[PDB]
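Trainee: mind folding the following:
(chains A, B, C, D, E and F)
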Amino acid sequence: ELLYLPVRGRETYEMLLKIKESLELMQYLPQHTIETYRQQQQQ
Amino acid sequence: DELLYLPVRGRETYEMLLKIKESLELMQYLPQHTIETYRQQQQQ
Amino acid sequence: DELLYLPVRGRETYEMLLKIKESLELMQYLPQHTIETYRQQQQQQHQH
Amino acid sequence: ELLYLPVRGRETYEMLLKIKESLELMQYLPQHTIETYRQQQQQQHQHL
Amino acid sequence: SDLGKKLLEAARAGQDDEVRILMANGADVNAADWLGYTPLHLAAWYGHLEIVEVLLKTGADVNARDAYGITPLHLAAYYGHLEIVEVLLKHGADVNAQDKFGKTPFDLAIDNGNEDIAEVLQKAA
Amino acid sequence: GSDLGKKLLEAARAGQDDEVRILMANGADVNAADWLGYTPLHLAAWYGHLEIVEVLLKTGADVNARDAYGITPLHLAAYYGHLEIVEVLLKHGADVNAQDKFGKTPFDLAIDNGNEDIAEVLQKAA
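Mentor: Numbers count the residues shown, from 1 in each chain, chains lettered A, B, ... in the order given. Below, you will see the structure:
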């Protein structure tokens, strides 16, 4: 579902861009992949 | 003008980014001297 | 309310999380009229 | 490398946890995944 | 100061006699908290007419701005304190003051359905 | 338990032809996957190890295995410009119409990365 966030300020924009990228890339992963990643980190 | 538009995939990601945008945009109105005073208690 | 501890690996990720945390904390201390006016100005733009 | 961020509130904590782990996770993603994502972002922003 | 911080609290809380005492004791009438809220701001916000009056008599800046460009007249308009709006106007309150979101006191009066205050501000514009 | 799968993934990435053959005679899972779904065939196609691609296909490697982002071996061979690997994957039934989770075919990744020779081969493979 494609939505548009209006942003005032370059610094705020760049910060939200970095976070958006990281969250969107994580969202593609199935739960079991995220779960396995978490376990492997905890070891 | 001066408003940049960030495309977002998914309501959950959107709502998260909206909350953060609001906090950061409201903080941007403050002078450095105001924000720096708050951060002192953090460094303690 | 509850004070919780987030472990972070890496200065850059830490600094980014610190800025966001402190923007959210500092926002709780802003008067309603500031927050409400900000939100209505957001809607009075999204209309355009 | 290890730094602890104190957080007030479950909801702020869970939000910062999700962001931390998305950012940490990205370090382990192959170039082709990151690069394809970024080009698809630009190939949209130009369309809209 | 200590006295400053106690004046901000007394003005907010509507402690008329505490405000007079704090001021005979040399409390800064234009003491400001970390957002730039003055005693006059807080008395206007919370509708303490007699406190607004003593502060203005003792040299309170009628057009003091908080960090978001809010004036006492903005707060009296937003929070529906008509008598305080008329006192602030008579003491030189800037009717056309804009906060950092572009809002005048008139705009905050309209935003909060305070039509009486909006009319007084319009006729003072 | 067994690190045979892990050792085959590493041998296929590193281009250690002989090590791959040894690991599979020793019963190593040809379709072992890491935490992102990368198989030996994925990694050999990515890093351009033609003889390893060949032995894996011969031993029952899934030619259309998906990573967690819907990437196939043919996608990786196209992206990273390994023409002979693209041709071998095509001959062994690689899905020319496979789309990753970003909607990209192998052809699309070839074009996006200026590998126009590979793009042409993929377009004709139709």
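Trainee: neighbours of residue 11, just the number please.
Mentor: As the question left the chain open, I've gone with chain A. Residue A:11: 11 surrounding residues under other Cβ atoms under 10 Å in any protein chain shown. In this view, the C-beta of every residue, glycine as well, is placed from N, C-alpha and C.
Trainee: not quite, go with chain E.
Mentor: Residue E:11, neighbours per other Cβ under 10 Å, totals 32.
Trainee: nearest residue to it other than its sequence neighbours?
Mentor: Once flanking residues are discounted, residue E:11 sits nearest to residue E:39: 3.7 Å by Cβ to Cβ, 6 or more residues apart in numbering or on different chains.
Trainee: wait, that neighbour touches residue E:9, no?
Mentor: No - counting by Cβ atoms under 8 Å, residue E:39 does not reach residue E:9; the two are 9.3 Å apart.
Trainee: the two: which has the busier surroundings?
Mentor: Applying other Cβ under 10 Å to residue E:39 and residue E:9 shows that residue E:39 carries more neighbours, namely 33 against 16.
Trainee: give me the distance from the strand or helix carrying residue E:117 to the chain's centre.
Mentor: Using DSSP states H and E, residue E:117 sits within helix E:115-124. Chain-centre distance of helix E:115-124: 17 Å, with Cα atoms, centre = their mean, to the nearest Å.
Trainee: what residues sit buried inside that helix?
Mentor: E:117, E:118, E:120, E:121, E:124 (16 or more other Cβ atoms under 10 Å in any protein chain shown).
Trainee: repeat for stretch E:74-93
Mentor: Under the neighbour-count criterion of 16+ other Cβ under 10 Å, stretch E:74-93 has E:74-79, E:81-82, E:84-89, E:91, E:93 buried.
Trainee: for chain A, which helix is longest?
Mentor: helix A:10-27 (DSSP state H).
Trainee: burial check on the residue in chain A that chain D sits nearest to, number of neighbours?
Mentor: Distance from chain D to each residue of chain A (Cβ to the nearest Cβ) is smallest for residue A:22, at 3.7 Å. Neighbourhood size, residue A:22 [other Cβ under 10 Å]: 23.
Trainee: wait, doesn't it sit right on residue D:22?
Mentor: Yes - in this structure residue A:22 lies within contact range of residue D:22 using Cβ under 8 Å: 3.7 Å.
Trainee: next one: the closest residue to residue A:27 other than its chain neighbours from chain F, what distance?
Mentor: Counting by Cβ to Cβ, 6+ apart, residue B:10 is the residue found nearest to residue A:27 once chain neighbours are left out, at 6.0 Å. To chain F, residue B:10 is 13 Å away according to Cβ to the nearest Cβ, to the nearest Å.
Trainee: I figured residue B:10 was touching residue A:2, is that so?
Mentor: No - under the criterion of Cβ under 8 Å, residue B:10 makes no contact with residue A:2, lying 9.1 Å away.
Trainee: got the contact list for residue E:23?
Mentor: Shown in contact with residue E:23 (Cβ atoms under 8 Å, 6 or more residues apart in numbering or on different chains): E:7, E:29, E:54, E:58.
Trainee: my read is it is in a helix, agree?
Mentor: Yes - assignment of residue E:23 by DSSP: H, G, I helix; E, B strand; the rest coil places it within a helix.
Trainee: can you give me the helices in chain E?
Mentor: Counting by DSSP H, the helices of chain E are E:2-13, E:16-24, E:39-46, E:49-57, E:72-78, E:82-90, E:105-111, E:115-124.
Trainee: buried ones in the second one?
Mentor: Within helix E:16-24, the residues scored as buried using 16+ other Cβ under 10 Å are E:16, E:18, E:19, E:22, E:23.
Trainee: check the first one too.
Mentor: Of the residues in helix E:2-13, E:4, E:6, E:7, E:8, E:9, E:10, E:11, E:12 count as buried by neighbour count, 16+ other Cβ under 10 Å.
Trainee: once you drop chain neighbours, what's closest to residue E:50?
Mentor: Residue E:50's closest residue in space is residue E:16 (Cβ to Cβ, 6+ apart), at 5.2 Å.
Trainee: what's the spacing between that neighbour and chain C?
Mentor: To chain C, residue E:16 is 23 Å away according to Cβ to the nearest Cβ.
Trainee: so what's that residue up against?
Mentor: E:48, E:50, E:51, E:54.
Trainee: with neighbour count added, can I get the residues you listed in CSV?
Mentor: Listed next are the contacts of residue E:16 as CSV, based on neighbours: other Cβ atoms under 10 Å in any protein chain shown:
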residue, neighbour count
E:48, 24
E:50, 13
E:51, 28
E:54, 18
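Trainee: spit out the contact partners of the closest residue to residue E:43 other than its chain neighbours.
Mentor: Once flanking residues are discounted, residue E:43 sits nearest to residue E:51: 4.0 Å by Cβ to Cβ, 6+ apart. Contacts for residue E:51 (Cβ under 8 Å, 6+ apart) come out as E:10, E:11, E:14, E:16, E:19, E:39, E:43.
Trainee: residue E:108 and residue C:37 touch, don't they?
Mentor: Yes - here residue E:108 reaches residue C:37: they are 7.2 Å apart, a contact under Cβ under 8 Å.
Trainee: in chain A, what residue lies closest to chain C?
Mentor: Closest point on chain A to chain C, by Cβ to the nearest Cβ, is residue A:6, at 6.3 Å.
Trainee: phi and psi next, for that residue.
Mentor: Per-residue torsions, residue A:6: phi -70, psi 140 (degrees, to the nearest 10).
Trainee: residue contacts, the closest residue to residue E:55 other than its chain neighbours?
Mentor: In space, and not counting its chain neighbours, residue E:55 is closest to residue E:40: 4.7 Å by Cβ to Cβ, 6+ apart. Taking Cβ under 8 Å, 6+ apart, we find residue E:40 in contact with E:11, E:29, E:52, E:55, E:56, E:60, E:61, E:62, E:64, E:72.
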